[PDB]
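Atoms within a ligand are numbered from 1 in the order they appear, just like the ligands themselves. Scope of the values below: all heavy atoms of this structure, side chains included, with no hydrogens, waters or symmetry mates. Numbers here are sequence positions counted from 1.
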Amino acid sequence: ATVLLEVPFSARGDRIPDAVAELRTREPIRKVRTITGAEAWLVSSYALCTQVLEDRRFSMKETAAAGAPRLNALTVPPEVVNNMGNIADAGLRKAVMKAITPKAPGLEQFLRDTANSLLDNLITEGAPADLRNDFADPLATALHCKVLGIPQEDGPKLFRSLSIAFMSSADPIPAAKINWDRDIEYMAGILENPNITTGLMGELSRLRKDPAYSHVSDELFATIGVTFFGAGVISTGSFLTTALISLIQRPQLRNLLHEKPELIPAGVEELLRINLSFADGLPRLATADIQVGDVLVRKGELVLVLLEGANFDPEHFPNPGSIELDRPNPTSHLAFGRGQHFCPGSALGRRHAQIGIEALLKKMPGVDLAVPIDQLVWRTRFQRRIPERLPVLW
Ligand code: HEM
Ligand SMILES: COc1ccc(C[C@@H]2NC(=O)[C@H](Cc3ccc(O)cc3)NC2=O)cc1
């Protein structure tokens, strides 16, 4: 007697388990047990992942309903599971999205300067260097302080909430509420601070005093700051970190992108496609009975969209494990999701990774792991796959 297949399969973010392909072939939607003990449907083919993400009857807000089968415990107030919907309902979607493009004057130059300064410090200190804690994460944190318009010196404290905020836990996490409430208070003070005039928080501070938004709650304005900092920093930092591993493990690609930096955008798009940063499938709750492949998903059931199931599906991406810069469908991956909840920071995430990689390859053309790959320590029970340290030499 075996137990019901448990998710997630592996916290390792440097390789996809052979099991994913077997599962996609045999049972591209199948029943699994989550860490809470709930049952869920795991969807692992490109076709079925797209179907679920493009059908709004598979709801992200309803995953927060009391009594629902859960992938993991909430780490935010339940209304925040509907964050983007709340933002849209408040009339703020266009302004938020405009503030988080990489297009603001000087933003890309600030990113490049920051990356180069972080790399110069590592070179001065001497190998080995930790590219996660001393490059990718500080680069993400600095970027998001700039995008939000908040002081750079406030970044590290906000960042240190994230090792708990993005936990994937069976039970509620007391520290998550402590940090959430403190970070909300911080963002509320930012909105009241007359010196905060730029970035997302500068724009929200103005809209807050505009008569067209006089009934939007102060809680929502502060929540936008906390959530966009947290989601953005964790997602860009974790993606860049594991992209660097995939690049370092491919010396020929490292050398090609160093020699021909104009290929870095195509390279980053493939690194996005093969990325294992999301540790769990994307959760949705069925709000009706819906046929998905051979399974009639019933109202109230949990569905998990396995991004690497879609992105490594050979029926859509032939030779899926190979980085190929000339694919005919290069952005059609699901690394940024799809449908109603498509990532609003996708352009910023691309530019963060492109600039970080460009700077690394210029400063450290000889970059290589300083430990055997199996020695990386993969964070467990977390919503991203992250090596705790990424030791390199050059
Ligand atoms: C490479 C970096 C990034 C990756 C891989 C990524 C990935 C994703 C994915 C897969 C989703 C869909 C989640 C779902 O459907 O359940 C998503 C949504 C989201 N992302 Fe990103 N993201 C990145 C960068 C960012 C940045 C920079 C921000 C903000 C500054 C951000 C903010 C969000 C938000 C707020 C959502 C919710 C969107 C929605 O509900 O409508 N992300 N992201
Ligand atoms: C890209 O990752 C995600 C993750 C989750 C969601 C769904 C929904 N939307 C959000 O905006 C925030 C994100 C968030 C921010 C801070 C925090 O401490 C925890 C989570 N919470 C949500 O639950 C969307 C994207």
Relative to the heavy atoms of [X], which atoms of ligand 2 are at a distance of less than 4.0 Å?
X: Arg384; value: 1 (C), 2 (O)
X: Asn83; value: 9 (N), 10 (C), 11 (O)
X: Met60; value: 7 (C)
X: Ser235; value: 1 (C)
X: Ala165; value: 18 (O)

Would you call the rings of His316 and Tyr46 parallel, tilted or perpendicular if under 30° counts as parallel and over 60° as perpendicular?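 Plane angle under 30°, so parallel.
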Less than 4.0 Å between [atom] and some protein heavy atom, yes or no?
atom: atom 25 (C) of ligand 2; value: no
atom: atom 4 (C) of ligand 2; value: no
atom: atom 19 (C) of ligand 2; value: yes
atom: atom 8 (C) of ligand 2; value: yes

How about [X] and [Y]: do any of their side-chain heavy atoms sit closer than 4.5 Å?
X: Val81; Y: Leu74; answer: yes
X: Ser45; Y: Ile29; answer: no
X: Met187; Y: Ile184; answer: no
X: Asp14; Y: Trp378; answer: yes
X: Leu334; Y: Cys49; answer: yes

Face-on cation placement of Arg385 at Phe278 ring, 6.0 Å and 45° thresholds: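 Not satisfied by the 6.0 Å and 45° rule.
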Which residue and heavy atom of the protein sit nearest [atom], plus the separation:
atom: atom 23 (O) of ligand 2; value: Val81 CA, 3.6 Å
atom: atom 22 (C) of ligand 2; value: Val80 O, 3.5 Å
atom: atom 13 (C) of ligand 2; value: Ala231 CB, 4.1 Å

Taking atom [atom1] of [X] and atom [atom2] of [Y], what is their separation to the nearest 0.5 Å?
X: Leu244; Y: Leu390; atom1: CG; atom2: CG; answer: 6.5 Å
X: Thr331; Y: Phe336; atom1: OG1; atom2: CZ; answer: 10.0 Å
X: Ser238; Y: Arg132; atom1: OG; atom2: CZ; answer: 7.5 Å

[atom1] of [X]: more than 12 outside heavy atoms within 6.0 angstrom?
X: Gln291; atom1: CD; answer: yes
X: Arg381; atom1: CZ; answer: no
X: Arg206; atom1: CZ; answer: yes

Please state which part of [X] comes within less than 4.0 Å of ligand 2, counting heavy atoms only: side chain, backbone, both or neither.
X: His341; result: neither
X: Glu79; result: neither
X: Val76; result: side chain

Distances only, to 0.1 Å: what are the N or O pairs between ligand 1 and the protein that fall under 3.5 Å?
from, atom 1, to, atom 2, distance (Å)
ligand 1, 15 (O), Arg284, NH2, 2.8
ligand 1, 16 (O), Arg284, NH1, 2.9
ligand 1, 40 (O), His341, ND1, 2.8
ligand 1, 41 (O), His341, ND1, 3.3

Say whether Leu285 and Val303 are linked into one hydrophobic cluster, either directly or through other cluster members, by side-chain heavy-atom distances under 4.5 angstrom.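 In one cluster: no.
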If the contact criterion is a heavy-atom separation under 4.0 Å, does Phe166 count as touching ligand 2?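 Distance cut 4.0 Å: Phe166 passes for ligand 2.
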